[PDB]
Amino acid sequence: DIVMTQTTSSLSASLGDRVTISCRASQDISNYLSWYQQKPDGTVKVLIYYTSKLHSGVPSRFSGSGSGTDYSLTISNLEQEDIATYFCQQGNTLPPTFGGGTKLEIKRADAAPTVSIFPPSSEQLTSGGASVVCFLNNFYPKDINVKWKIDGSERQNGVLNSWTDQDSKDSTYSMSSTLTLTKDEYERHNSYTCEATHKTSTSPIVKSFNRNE
Amino acid sequence: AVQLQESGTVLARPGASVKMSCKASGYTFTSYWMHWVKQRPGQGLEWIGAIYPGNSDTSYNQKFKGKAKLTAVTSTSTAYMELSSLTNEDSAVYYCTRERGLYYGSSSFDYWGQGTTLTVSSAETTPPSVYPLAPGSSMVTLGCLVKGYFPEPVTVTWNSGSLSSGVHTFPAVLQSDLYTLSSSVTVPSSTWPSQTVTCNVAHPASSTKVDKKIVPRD
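Structure determination for the deposited model, as stated in its record, used X-ray crystallography, and the stated resolution is 2.000 Å.

See the structure below:
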């Protein structure tokens, strides 16, 4: 199969910017390359086919170019509706193959996470389970790492994480992290700590909950 | 207008076979190749195969031979894909898409259906438990933990929608067959706990709606 590599998976830009997304095939694909746009609701549209042909109804701020192995999609003046994921696809050889995709995001100033931590509720403890929940809200850039510690001891097992897509109003990201233990193990410890590593700070951003409080 | 209308979300037991459909309109169904594409939800797109409904010629990705069966019904302009021996790895969104250029083709896809979500699971419909998140500044953040439900989706609102600003509802994660999600809300400390704050959780599949007030803890 022909491998298609899009140069990056995530690309930042400002509205009104000229944006270029590129991909590269593992062999010459003879201009048999198309670009598709996928929106967060899962819907998909073709934008460009045969390298540079604009599909009817697609705004002409979209353009494509390339030859051989190397191709680019360009948006001349980024609009809000253009924030989406873009996939390239070769039709030179069967099977048709797609690039991994490039998601656009809105560029903005760095923002530190607002971190909040929550103990298991009484309702949950009666069921024999215990989840400690940490929200890390409205940060930018999206890259972030969360570490859990129980009474000083780092804890990986039982942690589940979830991330939002970029906020439509303030262009930040949020994350939620949940440590789940048995009620028994939970009751054997006091200090639960969520610590975030993020570009905005040299030291960890730490929120703790202590069963003594 | 060309339109491809795919059948709805399907839940399937492991080891089963599922059949999904794609109703074409606005063009001569029998003159274009209909392709199917798989998207696992943290990755790109994978080509499954195609059928030419004019004579039922088919073409399959080697990776999907013995897995997918493509058919088409001319009288109803509907393409079907049947997937066999289902496993967790088959859980995905499947698209049907028309190939530009008629029989001669182009290997470019000019119109796409909206996608069909296939979820393969041995779990049967079960309601979430909704747990309050209260902590123990000008602002306070509160939350709800919606745990151990199946299938997707749930909806979460706060004070019946009047708190929309400063809310984050996070994508559900799968733990031990079941989904769990969390949602946070941030308000002025002046308003909580003086005023009431409640997460309203609805799980349509189990006909459940739960209101969970967030109480101070001490």
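So that's the structure; there's more coming.
From N to C terminus, chain B includes zero helices and 19 strands. In terms of overall size, chain B is more extended than a compact globule, its C-alpha atoms giving a radius of gyration of 23 Å where 218 residues would be expected to give roughly 17 Å. Based on the C-alpha atoms only, the size of chain B along its principal axes is roughly 70 × 35 × 30 Å. Of the roughly 10,000 Å² of accessible surface on chain B, a fraction of 48% belongs to carbon and sulfur atoms. Of the charged side chains in chain B, 16 are positive and 13 negative; the average position of the first set lies 2 Å away from that of the second.

Turning next to the pattern of salt bridges. According to the stated counting rule, one finds eleven salt bridges over all chains in the structure shown. Between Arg61 of chain A and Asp82 of chain A there is a salt bridge, with the nearest N and O atoms lying 2.9 Å from each other. Pair noted here: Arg61 of chain A is in the loop between β6 (53–54) and β7 (62–67) and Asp82 of chain A is in the loop between β8 (70–75) and β9 (85–90), with a separation of 21 residues, a long-range link. Across the pair, exposure class does not vary: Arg61 of chain A and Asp82 of chain A are buried alike. With its nearest N and O atoms 2.8 Å apart, the salt bridge here joins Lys67 of chain B to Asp90 of chain B. A residue pair is termed long-range when its members are at least 10 positions apart, and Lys67 of chain B in the loop between β6 (57–60) and β7 (68–73) and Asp90 of chain B in the loop between β8 (78–83) and β9 (92–99) qualify at 23 residues.

Once that is clear, we can look at the environment of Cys144 of chain B. Residues and elements named next belong to chain B. Relative to the helices and strands, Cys144 is located in strand β13 (residues 139–149). Judged by its relative accessible area of 0%, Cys144 is buried. Taking C-alpha positions, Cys144 is 14 Å from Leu163, a pair spaced 19 residues apart along the chain. Look past the residues within four positions of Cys144 in its chain and what remains in contact with it is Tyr131, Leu133, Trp158, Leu181, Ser182, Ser183, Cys199 and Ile214.

Attention now moves to the pairing of strand β12 (residues 129–133) of chain B. Residue and element names in this part refer to chain B. Of all five residues making up β12, four are buried, and the element is well covered by its neighbours. When β12 meets β13, the two strands line up antiparallel, connected through five bridges. Each bridged residue has a counterpart across the sheet, and for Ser129 the counterpart in β13 is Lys147.

This next bit is on the packing of aromatic side chains. Under the criterion given, the structure shown has 19 aromatic pairs over all chains. Summarising the aromatic geometry, the rings of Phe62 of chain A and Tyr86 of chain A are spaced 6.4 Å apart at their centres and angled 40 degrees between planes, so their arrangement reads as tilted. Placement of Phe62 of chain A in strand β7 and of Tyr86 of chain A in strand β9 is noted, with a sequence separation of 24 residues between them. Given the relative accessible area of 0%, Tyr86 of chain A is considered buried. Arranged with centres 6.5 Å apart and planes meeting at 70 degrees, the rings of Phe98 of chain A and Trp112 of chain B form a pair that is edge-to-face. On the criterion of chain membership, the pair formed by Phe98 of chain A in strand β10 (residues 97–98) and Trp112 of chain B in strand β10 (residues 109–112) is interchain, its members lying in two chains. Here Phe98 of chain A falls in the buried class, since its relative accessible area comes to 8%.

Now for the interface of chain B and chain A. By a widespread convention, an interface's size corresponds to the accessible area lost as its parts come together. Of the residues lining the interface, 40 residues belong to chain B; the matching set on chain A comes to 42 residues. Looking only at chain B, the three residues that lose the most surface to chain A are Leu45, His168 and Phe170 of chain B, adding up to 16% of its buried area. As a salt-bridge pair, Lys63 of chain B and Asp1 of chain A come within 3.0 Å of each other at their nearest N and O atoms. On the surface where chain B and chain A come into contact, there are 14 residue pairs in polar contact. Examining the composition of the side of chain B that touches chain A, we find that five residues originate from one element, β13 of chain B, more than from any other. Within the side of chain B that touches chain A, the residues separate by chemical class into 18 nonpolar, 16 polar and six charged.

Let's shift gears to the domain arrangement of chain B. All names here are of chain B. Domain annotation for chain B reports domain 1 (1–122) and domain 2 (123–217). The C-alpha-based centres of domain 1 and domain 2 are spaced at 36 Å. Contact with domain 1, which involves four residues of that partner, is made by six residues of domain 2. With both sides pooled, the region where domain 1 packs onto domain 2 buries about 380 Å², and carbon together with sulfur makes up 49% of that total. Ranking the residues of domain 1 by area buried against domain 2 places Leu11, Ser121 and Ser122 at the top, with a combined share of 86%. Summed over the shared surface of domain 1 and domain 2, the number is zero salt bridges. Linking domain 1 to domain 2 there are one residue pair in polar contact. A class-by-class count of the residues in the side of domain 1 that touches domain 2 yields one nonpolar, three polar and no charged.

Further remarks concern the sheet that holds strand β18 (residues 191–197) of chain A. Residue and element names in this part refer to chain A. Strand order across the open sheet formed by four strands is β15-β14-β18-β19, with antiparallel pairing between neighbours. Pairing within the sheet leaves two strands with one partner each, and these edge strands are β15 (153–155) and β19 (205–210). Averaged over all neighbouring strand pairs, the angle between strand axes comes to 30 degrees, with direction disregarded. Where strand β14 (residues 145–150) and β15 come together, three bridges link them in antiparallel fashion.

Moving on: the side chain of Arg98 of chain B. Residue and element names in this part refer to chain B. Counting through the fold element by element, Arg98 comes out in strand β9. Within the local environment of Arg98, its side chain forms a polar contact with the side chain of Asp110, the two groups lying 2.7 Å apart. Dropping the residues within four chain positions of it, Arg98 is found in contact with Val2, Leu4, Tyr27, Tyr32, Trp33, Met34, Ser108, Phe109, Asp110 and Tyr111.

Rules behind the numbers
Residues numbered from 1 in each chain as written, not as in the entry; some residues may be left out. Chains lettered and ligands numbered in written order. Heavy atoms only, no water. Helix = DSSP H or I, 4+ residues; strand = E, 2+ residues; numbered from the N terminus. Rg over C-alpha atoms; globule rule 2.2 N^0.38 Å. Areas by Shrake-Rupley, 256 points an atom, 1.4 Å probe, with all protein chains shown as cover. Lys, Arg positive; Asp, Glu negative; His and termini not counted. Charge placed at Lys NZ, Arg CZ, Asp CG, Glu CD. Salt bridge = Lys/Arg side-chain N within 4 Å of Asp/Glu carboxyl O. Buried < 20%, exposed > 50% of the residue type's maximum accessible area, 1.4 Å probe, protein only. Contact = heavy atoms within 4.5 Å. Pairing = 2+ DSSP bridges. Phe/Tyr/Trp six-rings, centres within 6.5 Å; stacked < 30°, edge-to-face > 60°. Buried area = accessible area lost by both parts, 1.4 Å probe. Polar contact = N/O pair within 3.5 Å; in protein donor to acceptor, adjacent residues only side chain to side chain. Nonpolar A, V, L, I, M, F, W, Y, C, P; charged D, E, K, R; others polar. Domains from an automatic or database assignment. Axes fitted to C-alpha atoms, helices over the stretch in contact; angles between N-to-C directions.

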